[PDB]
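Structure, as structure tokens:
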Amino acid sequence: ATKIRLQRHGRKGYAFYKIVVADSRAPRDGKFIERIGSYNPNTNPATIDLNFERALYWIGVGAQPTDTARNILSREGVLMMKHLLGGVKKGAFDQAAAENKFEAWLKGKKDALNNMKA
Amino acid sequence: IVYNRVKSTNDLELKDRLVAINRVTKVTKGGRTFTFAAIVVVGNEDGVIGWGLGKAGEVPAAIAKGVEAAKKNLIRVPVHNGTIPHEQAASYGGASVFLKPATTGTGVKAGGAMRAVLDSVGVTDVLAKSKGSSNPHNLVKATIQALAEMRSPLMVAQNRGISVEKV
Amino acid sequence: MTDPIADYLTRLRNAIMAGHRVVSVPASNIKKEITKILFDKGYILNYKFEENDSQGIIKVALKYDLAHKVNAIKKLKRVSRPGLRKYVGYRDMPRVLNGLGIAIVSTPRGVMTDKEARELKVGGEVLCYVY
Amino acid sequence: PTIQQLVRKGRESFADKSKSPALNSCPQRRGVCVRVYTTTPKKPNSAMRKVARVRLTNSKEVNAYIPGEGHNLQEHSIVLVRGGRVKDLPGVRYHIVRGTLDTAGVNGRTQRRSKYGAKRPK
Amino acid sequence: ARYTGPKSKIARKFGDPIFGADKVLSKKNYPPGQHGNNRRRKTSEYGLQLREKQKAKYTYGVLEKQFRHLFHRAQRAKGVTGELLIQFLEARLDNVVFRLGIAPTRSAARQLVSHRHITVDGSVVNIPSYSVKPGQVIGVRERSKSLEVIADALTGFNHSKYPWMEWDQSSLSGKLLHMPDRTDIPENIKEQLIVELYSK
RNA sequence: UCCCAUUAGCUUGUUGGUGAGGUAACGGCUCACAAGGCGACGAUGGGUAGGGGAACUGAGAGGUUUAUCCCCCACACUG
RNA sequence: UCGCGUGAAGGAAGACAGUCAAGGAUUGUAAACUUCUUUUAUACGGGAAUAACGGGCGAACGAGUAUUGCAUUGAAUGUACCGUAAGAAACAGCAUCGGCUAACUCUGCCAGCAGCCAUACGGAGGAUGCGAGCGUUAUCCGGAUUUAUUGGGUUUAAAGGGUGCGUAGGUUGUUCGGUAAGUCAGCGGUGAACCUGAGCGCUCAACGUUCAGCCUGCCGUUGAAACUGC
RNA sequence: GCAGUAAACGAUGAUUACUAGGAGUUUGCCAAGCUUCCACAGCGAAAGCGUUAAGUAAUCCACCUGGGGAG
RNA sequence: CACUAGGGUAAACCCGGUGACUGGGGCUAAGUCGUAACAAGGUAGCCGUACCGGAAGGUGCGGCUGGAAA
Ligand SMILES: [K+]
Ligand SMILES: [K+]
Ligand SMILES: [Mg+2]
Ligand SMILES: [Mg+2]
Ligand SMILES: [Mg+2]
Ligand SMILES: [Mg+2]
Ligand SMILES: [Mg+2]
Ligand SMILES: [Mg+2]
Ligand SMILES: [Mg+2]
């Protein structure tokens with residue numbers, strides 16, 4: 001079936017993934033129907049770039065994401081039923097405010113004194 | 001056709017460059033007679049440039065005679081800044097040369113006789129090609145006549161009778 | 001006759017090389033347009049159209065620089081010959097003598113020079129180079 | 001030619017030929033020496049050059065010049081043949097690689113050692 | 001690789017003491033070898049261009065491949081090719097340290113950089129070919145601010161007169177203002193010859 | 001979309017029609033009137049080769065090759 | 001392919017090699033003082049791993065949160081301390097082209113060419129390229145315009161058919177009016193990685209990655225009528 | 001009746017238009033249409049060509065791509 | 001019972017190899033016999049064609065100047 005997955009595209013020791021929509025029988029780094037984003041797991045904030053409208057369209061027509069692609073989609077907020085609501089409308093989830101959650105955690109800096117009095 | 005110039009006593013900036021030294025032979029009953037011929041290009045780093053051939057029995061004497069003849073035979077070339085107004089092709093004997101203006105930071109893309117001629121005339125931005133024989137006499141003369149056939153926009157407007165040809 | 005435009009250019013070139021002052025050519029519409037373009041650009045001193053019983057005669061008076069005894073025209077070159085026709089767009093219009101010459105070109109808006117052809121954004125057949 | 005003539009026929013280009021065709025585009029070849037003999041140079045040169053008739057693995061006969069001072073080559077010796085032609089010698093367009101297979105390095109060499117397969121002196 | 005050979009040989013061969021000031025350059029102004037100071041055979045223009053290129057390379061401690069890449073960079077960059085080449089040569093980290101006066105010679109600066117006594121923007125950088133950009137801060141590492149050699153080199157260097165370098169002795173650091181002009185650079189290298197040699 | 005004319009004629013399901021059968025599907029795809037079809041704008045035959053994007057190279061035009069990478073095709077000891 | 005090291009700053013003209021009493025190797029060596037990139041030994045040691053599964057919470061199924069466990073590489077990055085210049089430079093040239101010089105030997109040889117049997121052969125001393133490489137061979141491209149549309153020629157250098165008629169084909173005086181095949185213009189569609197300006201990350205760099213600038217071919221559809229075609 | 005070659009040569013393919021002067025010469029009325037020698041510009045490596053071009057241009061055909069082997 | 005891979009048979013074609021014997025060519029030296037060409041090369045040279053000679057060559061017929069002398 002049509003799938004949403006990642007193609008490994010960096011170099012040795014530095015993995016960079018291209019989030020694509022591809023047929024399941026295609027080679028891992030080969031043919032793909034469409035490209036919808038990129039994923040850099042080396043950075044601690046775990047850099048993600050995604051095309052929201054196209055990802056939502058592919059989920060709507062029924063592309064099956066892999067585990068990591070599904071996690072990325074959930075983190076970006078594609079996985080929602082706000083459009084599924086048949087009894088409500090204009091249901092602003094506003095969960096992006098909580099999903100910001102800026103983790104500005106740093107490390108204290110210490111120095112060694114140079115006691116070379118000679 | 002050549003602009004020409006009198007002995008440049010005031011314009012005494014004429015640096016002299018050497019193109020080629022040849023040891024020609026003449027045969028007689030006693031044996032062989034050897035001489036030396038030098039091609040000398042004098043230039044003031046401006047449109048003034050001259051060429052001469054000096055023949056003697058010694059290299060310094062040949063070079064001096066070439067310098068004298070080059071000083072006697074002088075012309076003026078319409079060069080603006082360090083480039084040439086337009087492209088120009090020329091032929092002289094078996095030598096054919098082609099010069100094209102280039103960008104400001106390009107230098108001189110030529111070697112040998114053409115490079116010596118261009119240095120003497122003070123052109124520092126040009127692409128030059130030789131599509132014939134590499135003879136020094138003919139190469140020097142063909143390059144000089146290519147330079148002499150040039151025309152600046154002012155001269156083009158002058159002999160066309162108009163002022164601005166959308167330049 | 002195989003190329004009347006090339007013949008007209010050759011007549012002009014031979015008259016210039018010989019040093020004549022007036023050259024007479026058989027007349028044609030495209031040749032009249034070329035003569036008008038030459039007069040407008042300032043390459044020839046004057047011209048006159050004579051309508052006799054034949055197709056007519058174009059009489060061209062050439063322009064010489066009295067200061068230097070040099071004709072206003074130096075090179076005339078036919079580009080699009082019958083054996084090899086050449087058409088260009090307005091983007092790829094040729095530039096003659098680094099913009100110091102002209103390229104007579106026939107366009108759907110008429111016969112003009114490459115400068116106004118580029119200005120009006122029209123291409124066509126490159127008749128000749130003049131400088 | 002005219003444009004119509006070129007349309008009808010066109011132009012022809014001819015590929016060049018290898019200067020050392022018996023190598024078959026291989027940089028070197030293995031061979032067996034048939035006869036190790038001595039030859040005379042052309043008119044302006046006088047010497048006694050050492051040449052070998054070599055049968056390559058691709059079943060080709062070549063004349064290979066043995067360089068350096070002295071050699072240990074005999075008949076039925078396995079040698080390595082590379083390209084390169086000697087000017088005065090006619091018909092000798094190959095060289096024997098010294099210091100490989102049966103042929104050894106030139107003894108007593110100190111300069112240009114790598115061209116004659118001589119190990120670095122201790 | 002590094003040259004790591006005798007320096008007075010190169011100094012005498014080129015005349016100019018490019019490695020600083022030495023007592024050997026006096027009473028000896030001939031190229032090394034038994035054929036020195038035997039007049040001066042006419043060297044060609046190509047030989048002069050080659051000797052200028054070698055002078056630049058021995059001055060800045062750069063090998064031929066890196067020098068060719070630097071010339072390619074200058075050609076790609078916008079400006080005068082020779083001036084850009086000299087600016088790129090002077091923008092190297094070891095040269096910047098030497099101009100800041102942390103080390104007496106360019107080789108001493110390179111040794112300090114390699115042995116990790118120099119910090120760039122607060123982080124240890126040990127590549128001697130590192131290209132310093134204007135606005136960056138190059139200073140002594142905090143763990144080696146009391147080195148005897150560094151202290152001696154800075155002793156008497158209270159001038160710090162280079163216009164394109166701002167020195168702060170309190171922080172034991174310095175900053176680069178802008179790329180100096182070729183006339184401001186105090187090197188006798190004729191970059192024009194190198195340019196024509198590498199372009200022809 | 002490669003060379004050879006020291007390869008000039010090739011073709012009898014072959015070109016078209018009627019009908020039937022068959023196939024996922026149109027069709028001489030197969031099976032039971034007419035003589036047509038293709039050919040110096042190179043048919044037929046012979047030789048050679050997997051084809052592109054890349055890559056390299058050159059100012060450009062162009063040239064070389066498809067090793068690694070991607071797309072399409074062909075094949076799995078021989079039928 | 002890229003990057004780094006094989007030490008840094010002082011030190012007079014030792015010994016031994018070469019040339020001519022003095023040049024040169026040479027501040028080179030030996031001495032004395034700093035440093036430890038990198039080897040060696042010890043210790044701390046990431047990131048590549050994010051969801052899992054099992055608990056919840058708004059409710060009728062999907063999602064949204066909170067947790068446990070999960071690293072082949074792996075004593076690899078990085079960090080820190082011992083004591084140490086210690087463990088780390090070769091290869092090809094040196095008669096002209098071409099950057100580099102003199103002695104001792106002598107057919108042996110060398111060789112890209114001019115050619116040399118000695119500023120060219122072999123060794124010694126020096127010098128010059130490059131440098132963890134340096135040379136040789138093989139193959140391809142450019143200069144090479146030596147297949148020339150761009151961009152060559154044919155009296156004598158290679159090159160006009162012995163001469164005509166003529167089939168196909170190629171080219172077509174002048175003018176008026178149509179058409180729109182060639183030609184010109186507008187709009188739309190289509191055309192990973194690599195390659196070009198700007199960034200960002202690899203301590204730099206190769207490289208990786210993002211974005212702006214190429215789409216300059218093909219197809220469809222609207223107009224123009226100077227030129228070629230009909 | 002075959003054969004189909006030559007220093008079968010102007011060692012120079014056929015058309016069209018244009019561009020200086022001199023000296024001769026054949027033909028029908030100064031002037032064509034020819035047929036021969038010096039010679040401007042221009043061309044050419046030069047010898048040379050130069051209105052009967054090897055000059056200036058356009059159309060089409062033939063032919064060349066180092067020598068020998070080898071027609 | 002058709003259909004067919006494969007088998008045998010014959011032919012003819014194409015592609016290769018080898019063979020008693022018998023012919024050119026290239027290259028290297030120079031043994032042998034002459035002197036054909038280059039000067040009017042001692043009979044001007046060359047082109048085509050025919051006949052003939054140990055060989056370069058000779059002669060006949062027509063042509064050309066890429067020949068002196070005149
Ligand atoms: K017409
Ligand atoms: K005849
Ligand atoms: Mg390296
Ligand atoms: Mg000939
Ligand atoms: Mg003829
Ligand atoms: Mg003939
Ligand atoms: Mg004779
Ligand atoms: Mg005779
Ligand atoms: Mg007889």
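Proteins come first, then strands; the chains are lettered A, B, ... in the order of their sequence lines, and each starts at number 1. Any value given below was found using the heavy atoms of this structure, including those in side chains, with hydrogens, waters and symmetry copies removed.
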Going by Watson-Crick or G-U wobble geometry, both distances under 3.5 Å, is [N] a partner of [M]?
N: F:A25; M: G:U26; value: no
N: H:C49; M: F:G19; value: no
N: G:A80; M: G:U42; value: yes
N: G:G115; M: G:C110; value: yes
N: G:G173; M: G:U84; value: no
N: G:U175; M: F:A20; value: no
N: G:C94; M: G:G126; value: yes

Within the stacking criterion (centroid distance below 5.5 Å, interplanar angle below 30°), does E:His115 stack on G:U37?
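The ring of E:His115 is stacked on G:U37.
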
Any strand is fair game: report the nucleotide pairing with [N] by Watson-Crick or G-U wobble, both distances under 3.5 Å, or none.
N: F:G16; value: F:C33
N: G:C207; value: G:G201
N: H:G55; value: H:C18
N: G:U221; value: G:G186
N: F:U6; value: none
N: H:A7; value: none
N: F:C56; value: F:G63
N: I:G60; value: I:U49

For C:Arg91, report the nucleic acid contact type (base, sugar-phosphate, nothing); a contact means any heavy atom under 4.0 Å.
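Contact class for C:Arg91: sugar-phosphate only.
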
When we call it a touch if two heavy atoms are under 4.0 Å apart, what does E:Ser131 touch: a base, just sugar-phosphate, or nothing?
nothing

Taking only the side-chain nitrogens and oxygens of [X], find out if one of them lies under 4.0 Å from OP1 or OP2 of [N].
X: C:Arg78; N: H:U56; result: no
X: E:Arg116; N: G:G5; result: no
X: E:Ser114; N: G:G7; result: no
X: D:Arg8; N: H:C61; result: yes
X: D:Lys115; N: G:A92; result: no

Under 4.5 Å between any side-chain heavy atoms of D:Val81 and D:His95, yes or no?
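Result no, sub-4.5 Å side-chain heavy-atom pair not found.
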
Residues [X], [Y]: salt bridge by 4.0 Å N-O rule:
X: A:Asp29; Y: A:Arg8; value: no
X: E:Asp22; Y: E:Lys7; value: no
X: C:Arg85; Y: C:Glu125; value: yes
X: C:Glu116; Y: C:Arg109; value: no

In whole Å, I'd like the distance from the CZ atom of D:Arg11 to the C1' atom of G:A148.
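Checked: the CZ to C1' distance equals 6 Å.
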
Report the pucker family of G:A120 (north if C1'-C2'-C3'-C4' is positive, south if negative).
south

